[PDB]
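Sequence order for the protein chains is E, A, D, H, R, G, P, F, U and Y.
Note that full-length UniProt numbering has the first sequence beginning at 1, numbered continuously upward.
Note that full-length UniProt numbering has the second sequence beginning at 1, numbered continuously upward.
Note that full-length UniProt numbering has the third sequence beginning at 2, numbered continuously upward.
Note that full-length UniProt numbering has the fourth sequence beginning at 25, numbered continuously upward.
Note that full-length UniProt numbering has the fifth sequence beginning at 2, numbered continuously upward.
Note that full-length UniProt numbering has the sixth sequence beginning at 2, numbered continuously upward.
Note that full-length UniProt numbering has the seventh sequence beginning at 51, numbered continuously upward.
Note that full-length UniProt numbering has the eighth sequence beginning at 85, numbered continuously upward.
Note that full-length UniProt numbering has the ninth sequence beginning at 1, numbered continuously upward.
Note that full-length UniProt numbering has the tenth sequence beginning at 605, numbered continuously upward.
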Amino acid sequence: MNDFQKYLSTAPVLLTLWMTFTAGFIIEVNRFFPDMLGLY
Amino acid sequence: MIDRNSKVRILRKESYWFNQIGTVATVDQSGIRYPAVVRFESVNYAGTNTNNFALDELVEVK
Amino acid sequence: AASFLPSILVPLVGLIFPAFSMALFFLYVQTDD
Amino acid sequence: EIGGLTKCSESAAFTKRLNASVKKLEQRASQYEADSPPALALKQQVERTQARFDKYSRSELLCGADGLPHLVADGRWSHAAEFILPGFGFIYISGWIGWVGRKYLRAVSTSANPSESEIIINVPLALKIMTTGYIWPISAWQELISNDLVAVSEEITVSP
Amino acid sequence: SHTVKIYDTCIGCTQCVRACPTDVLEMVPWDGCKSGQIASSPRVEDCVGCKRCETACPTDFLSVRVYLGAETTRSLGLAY
Amino acid sequence: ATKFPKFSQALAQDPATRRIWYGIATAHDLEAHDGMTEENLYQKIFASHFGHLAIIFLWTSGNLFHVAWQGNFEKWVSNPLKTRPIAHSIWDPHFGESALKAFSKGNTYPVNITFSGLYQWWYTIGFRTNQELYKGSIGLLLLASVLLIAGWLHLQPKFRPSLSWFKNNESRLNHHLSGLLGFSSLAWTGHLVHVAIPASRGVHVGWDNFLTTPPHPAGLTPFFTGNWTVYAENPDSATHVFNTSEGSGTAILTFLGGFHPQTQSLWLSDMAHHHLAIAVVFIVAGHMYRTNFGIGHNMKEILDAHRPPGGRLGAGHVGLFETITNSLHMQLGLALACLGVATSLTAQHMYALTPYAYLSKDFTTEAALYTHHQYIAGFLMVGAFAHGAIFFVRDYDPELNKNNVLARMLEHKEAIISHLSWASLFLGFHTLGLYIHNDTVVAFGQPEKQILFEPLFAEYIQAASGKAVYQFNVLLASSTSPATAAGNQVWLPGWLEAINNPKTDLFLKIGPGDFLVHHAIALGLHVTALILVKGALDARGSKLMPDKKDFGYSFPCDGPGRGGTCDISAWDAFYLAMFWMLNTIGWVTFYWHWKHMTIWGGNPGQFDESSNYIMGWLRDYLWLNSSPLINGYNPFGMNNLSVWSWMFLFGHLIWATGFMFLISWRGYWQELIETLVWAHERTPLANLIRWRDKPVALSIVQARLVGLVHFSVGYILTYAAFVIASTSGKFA
Amino acid sequence: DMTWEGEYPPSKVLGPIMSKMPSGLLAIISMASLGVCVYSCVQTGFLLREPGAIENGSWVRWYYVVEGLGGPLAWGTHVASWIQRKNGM
Amino acid sequence: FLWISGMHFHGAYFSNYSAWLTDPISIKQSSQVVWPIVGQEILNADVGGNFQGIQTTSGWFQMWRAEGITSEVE
Amino acid sequence: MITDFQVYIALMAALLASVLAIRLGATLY
Amino acid sequence: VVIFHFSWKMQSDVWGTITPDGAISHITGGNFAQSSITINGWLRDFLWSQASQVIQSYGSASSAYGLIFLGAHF
Ligand code: CLA
Ligand code: CLA
Ligand code: CLA
Ligand code: CLA
Ligand code: CLA
Ligand SMILES: CC(=O)O[C@H]1CC(C)(C)C(=C=C/C(C)=C/C=C/C(C)=C/C=C/C=C(C)/C=C\C=C(/C)C(=O)C[C@@]23O[C@]2(C)C[C@@H](O)CC3(C)C)[C@](C)(O)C1
Ligand SMILES: CC(=O)O[C@H]1CC(C)(C)C(=C=C/C(C)=C/C=C\C(C)=C/C=C\C=C(C)\C=C\C=C(/C)C(=O)C[C@@]23O[C@]2(C)C[C@@H](O)CC3(C)C)[C@](C)(O)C1
Ligand SMILES: CC1=C(/C=C/C(C)=C/C=C/C(C)=C/C=C/C=C(C)/C=C/C=C(C)/C=C/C2=C(C)CCCC2(C)C)C(C)(C)CCC1
Ligand SMILES: CC1=C(C/C=C(\C)CCC[C@H](C)CCC[C@H](C)CCCC(C)C)C(=O)c2ccccc2C1=O
Ligand code: SF4
Ligand code: SF4
C-alpha cells in the first residue's frame, strides 16, 4: 500500500489525474451553463 | 575565514557557481596555486559538484 | 540598325561573357603566384 | 453606438442568422421521423440554438454589420462582463496556482532529498499548501514589503 | 594548425592526454598543483579539433582550451 | 599570400576547396585582412563607396534607356488609365511561337509590363517625351564615369584622405545636414516650381526656355518684398484636368491638403511647399557644430554633460563619443536601423498619401511597391542588430564605458531578455488561442460564439484626425473642438474630405479582424527582437561559454560537451532571426494584400468576416486567388502569366532545397564524398584527370548560410509571383 | 571636462556667455520669453479663427513667428537660472 | 486483444451494422458516436438507417459480413 | 524616337564606364 | 508519392460510375494522362482541386477533417 501510494504520487500519474479532474469540471460546467461569451 | 566546513561565496566570474554559496572541504597548505576545495549542491553543465579556488576568490558567508 | 542589337548582344552577354569570366576565375584561383 | 455598432437585439442580421441556423437543423430533422432518436436529438439542438441567441439578445453585447457579437475592452464598465469581470477571475486563479507552487518548492527545498520531492510529490503537504492560496494577494504584498520576495544580487550572473 | 592552450587551473588528472585521438598532449612535471604534473601540447600539428580533451577536463572552466584555426590535411582528417 | 585568398595566409595555405569558398565570403571584411592598418581601411572603404554609387546610377540609367527605347511612355502619357506600361523587350531564343504571341499581346513585339511605378513618378515630375528620358540616361552614364574616376583618384598616393579627415564628425554632419539634405531639397522645390507644376498645367518648360519662362506671373518680386501670400493665390480649380490648362491655377506654394480630384494624388503645389519648409529646417540645423569658425557645439562635451542628477542612469553618456568614433560597426548599425524605419515609413505612407498620379488605379504596382519596401526594411533591420553584436565582440571597450549607459544595459541583460520572452509568450498564447477558438466554433457551425474584439483604440485615433464612421465625437471629428476651429480655414477642408471618402486608402476602415492580425504582427516583432537582442547581449559571453569573446562573432560550436553547444555563436542568432523576420514580414504583406484585394474587388465583407479565423485566410485568400497563377500554362495552352506561374514553382523548389542544408549536417556528407574520391582514383580513363583542390564537404557555418539563402530566395520569389499574377490576373 | 557629479552641474556647461550671467537676470529673461511666445500663440489663434480674411495664409505674421521661438528659449533660460543659482552665482 | 474487443463492442452498441446489412449499397458504415457536448454533435452525420454517427473507414462491416455475423449479439 | 545614332552614342559612353571600372577594381585590389 | 499516385490514378482511370449502357464517368475525368506529366499539373489538378473538400468542410459533419488539416500543418 505505502509503495503503491508512492507510485500514485509520482509526477506523471498526479498530472493525469489532476488534469482529468480539471477537464471534467470544465466540461461539466459547460454542460449545465452552456454558450457563454461573457458573464451574461 | 576559509577553513574546513566553512561556507563561502564564489567570486570567480567564469564559475558556474558565481555569487553562490559552497562549503570549503579542505585547504591545502603546500603553496599550490589554488588551495581551497569547495563543494556545491548543484551540478554544473558538465555534471561536477566540486572545484578548487584560491582564497581571494572566496568570501566567507555567515 | 539598332533593332538588330538584341539578337547580336544577348548571345554574347549570356553565353560568351559568362564562359570567359568563369575560365579566368578558375585560372586565377588555381595559380600559385 | 460605440464604434457605430448596433445592439444585437436590434440587429436584423443577428436575427437572420438565427432563423437560418434553425432552418438548417429542421430541414435535417424532416428526413428522420416522429420520435426517432435522431429526430429528437435535432429537435433538442434547435432549442439550445434558440436559447443562445436569446441570451445574447438580452445581453448588452453589440453586434456589427455581419450580425456577429463584437466585444468591447477599453475599460468602460458598461461592458465589464465582456473582459474586466472575467479578467479578475483569471488573475485570481492564476495567482493562486503560482503562489502555491512557489510555496511548495521553497518548502520542500530544505528537505532530506529536495529533488525526490519534485518528482514524487508529497501529496499531504501539497494539499495543505494548495488550500492556503485563497489569500495570495494579501500574502504576496506582505512578503514584498518584508523584503522576502525579491532577492538582492546574490544570484548567479553571466560572465559579462 | 589549431591552437591548444593549458591554464594554471590544471590539476594533473591526465584525463585530457588519455582522450586525445592523435597524441597531441603530454603530461609534464610541474609544482603548481598537488599532483605535481601539468599538461602540455607539444604536437598541435596533429590536432584534429575534436575537443574530446575539453570534454574530459574536470575544472570549473576548461583548463585546456582548443581554438580552431588554420586547416591542413592533418587537421581536416583527410585520408585521401 | 600566393593563392586565391591573398588577404589570408591561413585560407591560402589550405589544401581543400574551402580555400575558394571562404575567400569569396571573407572578401569584404577588410578589417580582418592580413596586414590592415586603420588608415588603409578607411581609404579603401571610401573608394568602395564611390563604386557602389556608380552602380546605382548605372542602374537608373538603364531603366530610363530601356523605357525610352523599348517602352510606351508617350502613349501612356496620352491615355494613362487605358495603357499598360512597358519595361523592356524580350528576346528569348527558347520561346515558342505561341509564347511570342502571348507576351506580345497589346503590342507588336514580346514585352514585359512594369510594376515598378516609374511611369507615374516620371509623369508627375515632368517627363513627357522619350527624348527627355534619353537625355537623362546619358547624363547618368557620364556621372557614373565621374564617380569611378573619383574612386581611383582618392586611392592615389597624394589624394588619399588622412585618418583625421575621416573622423571629423562636426564638419561632415554640418555639411551633410545643410547641404546634402537641406540644399538638395531647396533644389528640388526649384524643379517642382519651374518644371513639374508648369507641365501639370500644360506648359512646357525645359532647358530650352527655363531661363525665359517665369515660374510665376508676379515674379520674384513678392518673395523679396515679403508678400509671400501671392504665391499661394489662385490654386488649381477642382475641375482641373491634369496635363492640361483647363481649370488651371497660378499658385506655386500652397497648403491645400488632400488629393487632386482627378489624379487622386497629392497636390504638386503642396509638395513644393513641403520641400521648401524642410529645406529651411535642415539648413538651419546644419549650423550646430563647430567647424573651424569658432561658433558651434562640440559633440563630446554634449554627451559627457548629460547624466541624470538622480543617478538612475549611472554615469550617463560619458565615453560613448570615443566608442562611436572608433567603431565602424556601431555606426553602420545605427545607420541601418534608421534606414530600416524609413523604408517601412515609405511603404506605409505611400499607399495612404498617394504621391504619384494614377498610381492608386494601378493595383498591381501598388501591391509590389509595398511588399518590396517592407521586405527591404526587414533585411535592413536585422543587419542593424547583427552589426550591433559584431561591435560588442570586436570593438567594445569595457573600461572606457565604465558605468556608462551602454555598460549598464549589459548589466541587466537577463531582465531585458526575460521580459521580452514573457511578452512574446503572452502575445503568442492568446493570439493563437483566440484564432483557434474562432476556427473551432465556426467549424461546428456556431459563428455567433466567436471572440471578436473591436479595435477601439485605433478607431479613436482615426476619429481624432477626422473620421466620422466610428461616431467617436472627438477632436477633428468634433465641430466644437478647438482643434477643428484652428485648421478649419487652413488645411482641414481638404483633409476632412479625403479622410471621410470611402474610396481612398487614407485611414482605411478597421474592424475586429484587423485587431487580431495586428497582435500577430506584434508577436513577430517581439520574437524577432528577442533573438537578435539576446544574440547581441550574449555575444561576449554566457554561462555555457564564459569566454565566447575570444572565439569571435561566428564559430561552428564549442563541442559536444558541457551538454552540447550547437548554434551558440552570435552569428547563429542572425541565422535564427532571419526566419522569423521573413515570417513577420510575410504576415504583414499578406494582410495588406488581402485587405486591398477585397476592397478592389468590391467585397470588403469577405475580409471582415473570414479574417477572424485561420481557414478563411487559407481558403478565401491563398486558395481562391491562386487560380489565375496556377493556370498560366495548362494542358490547353498558355498566357502572359506563364512566366509568373513558372517562377512560383521555381521558388518552391529552392525553398525546399534549402531544407536539405538545414536539416542534414556535415558528418554524413563528408563520409559520402570520401567514397566518391575513391571511385575517381580507381576508375580507369578518368584517372588521367585529377583535382588540385582536395574535395571536401561544406563547413558547418557555410551550410547554414547556404541553406538560409536558399530558403530566403525561394520565399521571396514565390510570393513575388503570387502578388503579381493574382492581382494582375484578376484586376488587370 | 564637462563630466560632472553631484546634484547640480557646473556653470561651464551653460556655455561661454551665460556661464557668467546672474541667476536673477536669466529668470527675468525666461519669464519674458515665455510671455511673448504665449501672446503670439493667442493672437495668432484669433487670426486663424476669424471668419475668412485669412485666405492665402494671411494669418502667418513674421513677428509672431519670431516671437513663438521664445518658448524653447524660455525652457533653456529657466534651466540655466537654476544651475547658476545652485552654483552660487 | 483489448483493441479488437473494443471495436466489436462499439460495433454492437454504437453502430448501424444491422441496417447496412440489409441495404449495403445505400447505408454508410458508422461505429463511433460523439456526445452532445459543445456543438461537437455536428460531427454525428446522418449516415443512414435512422442512425447518426461518424463514418468509419476501417472496413469492419465488410469483414463481419464475410464471416457471416448477421446479428449484433454475435 | 531614339535614333540609331543615339543608341550608338550611349553604347560608347558605356564602354568608357567599363574601362574606368576595371581600373577602379584593379586599384582596390 | 506512392499514395498520391494511387489516389489520382484511381480517381481518374478506374473509380467512377457507369450507366446502364456503357458510359463510364471517372471521378476526375481522365486528367492523369496529360496533367500528371508536369509538376504544375499535380499542384493544380490534384492538390489544389482535390482539396476543395477539406477547405470547405466547415459547418458540416466533415468539419473535423478541416480542423485537423490545419492543426497538422501547424
Ligand atoms: C542568353 C543565353 C542563352 C542563349 C542565347 C541560348 C540559345 C539557345 N539555346 Mg540555350 N541555354 C541557356 C542559355 C542560352 N541559350 C542556359 C543558361 C541553359 C541551361 C538551362 C540552356 C539550355 C539549353 C538546352 C538544353 C538547349 C538550348 C538550346 C538553345 C538553342 C535553341 C535555338 C535553336 O535554333 O536551336 C537549334 C540550334 C542551332 C541552330 C545551333 C546554333 C549554333 C550553336 C549555338 C553555336 C554555338 C557555338 C558557340 C560559340 C560555342 C560557345 C563557346 C564558348 C567559349 C562560350 C539556342 C541557340 C537547344 C539547342 O539546340 O542547343 C543548341 C537545347 O537543346 N539551351
Ligand atoms: C555639402 C557638402 C557635401 C555633400 C553634398 C556630401 C555628399 C555626400 N557625402 Mg560627404 N563629406 C563632406 C561634405 C559633403 N558630402 C565633408 C565636408 C566631409 C569631410 C568631413 C565629407 C566626408 C564624407 C565621407 C567620409 C563619406 C561621405 C559620403 C557622401 C555621400 C553619401 C552617399 C550618398 O550619395 O547618399 C546620398 C543620399 C541621399 C541624398 C538620400 C537621403 C535619404 C534620407 C533617408 C532622407 C531623410 C529625410 C528625413 C530625415 C526622413 C524623415 C522620416 C524620419 C523621421 C524617419 C554623399 C554624396 C560617403 C560616400 O559615399 O563617399 C563616396 C562617405 O563615405 N562624405
Ligand atoms: C551598408 C550595408 C552593409 C555593409 C557595408 C556591410 C558590410 C559588412 N558586413 Mg553586413 N549586413 C548588412 C549590411 C551591410 N553589411 C545587412 C543588411 C545584413 C543583414 C542581412 C548584414 C549581415 C551581416 C552578417 C551576418 C555578417 C555581415 C558581415 C559584414 C562584413 C563582411 C561582409 C562579407 O564578408 O561579405 C563578403 C561577400 C559576400 C558574403 C557575398 C554575398 C553573397 C550573397 C550572400 C548571396 C547573393 C544572393 C543570391 C546569390 C542571389 C541569387 C538568386 C538568383 C538565383 C535569382 C562587412 C564589414 C560579416 C562579418 O563578419 O562582419 C564582421 C557577417 O558575418 N553582415
Ligand atoms: C508553427 C511554427 C512555430 C511555432 C508555433 C513556434 C512557436 C514559438 N517559438 Mg519558434 N521557430 C520556428 C517555428 C515555430 N515556433 C522556426 C521554424 C524557427 C527557426 C527560425 C523558430 C525559431 C525560434 C526562436 C529562435 C525563438 C522561437 C520562440 C518561440 C516561442 C515564442 C513565444 C510564444 O509564441 O509563446 C506562445 C507559444 C505558442 C502559442 C506555441 C505553443 C502552443 C501550444 C499548443 C500551447 C497552447 C496553449 C493554449 C493557449 C491553451 C493553454 C491552456 C491549456 C493547457 C488548457 C513559441 C513557443 C522564442 C522562444 O523561445 O520563446 C520565448 C525564441 O527565442 N522560435
Ligand atoms: C481501443 C480501445 C477503445 C477505444 C479507443 C475506445 C474509445 C471510446 N469508447 Mg470504448 N470500449 C472499449 C474500447 C475502446 N473504446 C471496450 C473494450 C469496451 C468494452 C468495455 C468499451 C465500451 C464503451 C462504452 C460502454 C462506451 C465507450 C465509449 C467510448 C468513447 C468515449 C470514450 C470515453 O469514455 O471517453 C471519456 C473517458 C472516460 C470517462 C474515462 C475517464 C478518464 C480516465 C479516468 C483517465 C485514465 C486514468 C489514468 C489511466 C490513471 C492511471 C493510473 C495507473 C494505475 C495507470 C470513445 C470513442 C462511450 C461512448 O461512445 O459513448 C457514446 C461509451 O458509452 N466504450
Ligand atoms: C529672484 C528673482 O529675481 O526672480 C526669482 C523669483 C521668481 C520670479 C519667482 C523666480 C522665477 C522664475 C521662474 C519660476 C521662471 C520660469 C519657469 C519656467 C519658465 C518654466 C518652463 C518653461 C517651459 C517651456 C517654455 C516649455 C516648452 C516650450 C515649448 C514646449 C514649445 O514647444 C514652444 C513652441 O515653440 C515651439 C517649438 C513651436 C512654436 O512655434 C510654438 C510652440 C509654443 C509650440 C525665481 C526662480 O525664484 C527667481
Ligand atoms: C532650435 C531652433 O531651430 O532655433 C533656431 C530657429 C531659427 C528661426 C532657425 C533661428 C534663426 C534665425 C532667425 C534670426 C530667425 C528669426 C526670424 C526669421 C524666421 C527670420 C528673421 C528675420 C525676419 C525678418 C526680419 C522679417 C522680414 C520681413 C519683412 C521685412 C516683411 O515683413 C515684409 C512685409 O512688411 C512688408 C514690407 C509689408 C507687409 O504687408 C508684408 C510684410 C509684412 C511681409 C534661430 C533663432 O537662430 C535658431
Ligand atoms: C544592437 C545594438 C545596436 C542597435 C540597436 C538598435 C537596432 C536599436 C533600434 C531602435 C529602434 C528601432 C527604435 C525605435 C524607436 C521609435 C520611436 C522612439 C518612436 C517614437 C514616437 C514618438 C516619439 C511619437 C511620435 C508621435 C508624434 C510625433 C506626434 C503624436 C503621434 C505620435 C505617435 C505619432 C547598436 C548598433 C546601436 C549598438 C549597440 C547594440
Ligand atoms: C549536399 C551537401 C554537401 C555537398 C555539396 C557540395 C559538395 C556542393 C558541390 C556543388 C557546388 C555547386 C560546387 C560545384 C562547383 C563546380 C565544381 C565549379 C567550381 C569552379 C570553381 C572555380 C569555383 C555538403 O558539403 C554539406 C555540408 C554540411 C551540411 C550539409 C551538406 C550538404 O547537404
Ligand atoms: S582537440 Fe582532439 S586532437 Fe586536439 S588536443 Fe584535444 S583531443 Fe587531442
Ligand atoms: S556543432 Fe558538432 S561538436 Fe558542436 S555541439 Fe553541435 S554536434 Fe557537437
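Every residue, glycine too, gets a C-beta built ideally from N, C-alpha and C.
For residue i versus residue j, is the C-beta distance shorter than 8 Å?
i	j	result
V49(R)	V5(R)	no
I607(Y)	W619(Y)	no
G536(G)	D609(G)	no
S90(P)	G118(P)	yes
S146(G)	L65(G)	no
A726(G)	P636(G)	no
Closest by CA to residue i, which one among the options?
i	options	result
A136(H)	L58(A), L55(A) and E41(A)	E41(A)
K152(H)	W123(H), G28(H), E167(H) and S177(H)	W123(H)
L149(G)	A55(G), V78(G), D551(G) and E682(G)	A55(G)
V342(G)	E323(G), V383(G), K414(G) and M579(G)	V383(G)
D9(R)	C51(R), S2(R), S41(R) and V25(R)	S41(R)
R202(G)	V281(G), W268(G) and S163(G)	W268(G)
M648(G)	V714(G), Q463(G) and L31(G)	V714(G)
Let me check you understand the geometry: is the CB of residue i closer than 7 Å to at least one non-hydrogen atom of ligand 3?
i	result
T125(G)	no
Does ligand 2 have even one heavy atom less than 7 Å from the beta-carbon of residue i?
i	result
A343(G)	yes
For residue i, verify whether its CB is less than 7 Å away from any heavy atom of ligand 7.
i	result
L119(P)	yes
Check whether the Cβ of residue i lies closer than 7 Å to any heavy atom of ligand 8, and answer yes or no.
i	result
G389(G)	yes
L381(G)	no
With respect to 7 Å, is the separation between the Cβ of residue i and the closest non-hydrogen atom of ligand 1 below this value?
i	result
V11(D)	yes
Note down, in chain order, all residues in the segment 656 to 677 of chain Y with a beta-carbon under 9 Å from any beta-carbon belonging to chain F.
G663, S664, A665, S666, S667 and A668
Along the segment 82 to 102 of chain H, where does the CB come closer than 9 Å to a CB of chain E? Name the residues.
Look at the segment 82 to 102 of chain H: the residues with a C-beta under 9 Å from a C-beta of chain E are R82, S83, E84, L85, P93 and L95.
Can you pull out the residues from the segment 436 to 456 of chain G whose beta carbon lies closer than 9 Å to at least one beta carbon of chain H?
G446, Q447, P448, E449, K450, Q451, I452, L453, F454, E455 and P456
Within the segment 125 to 153 of chain H, ranges of the alpha helix (DSSP H) (whole runs, at least 4 residues)
140 to 143
Just to confirm the assignment: which complete alpha helix (DSSP H) runs, minimum length 4, are found wholly within the segment 86 to 129 of chain P?
112 to 117
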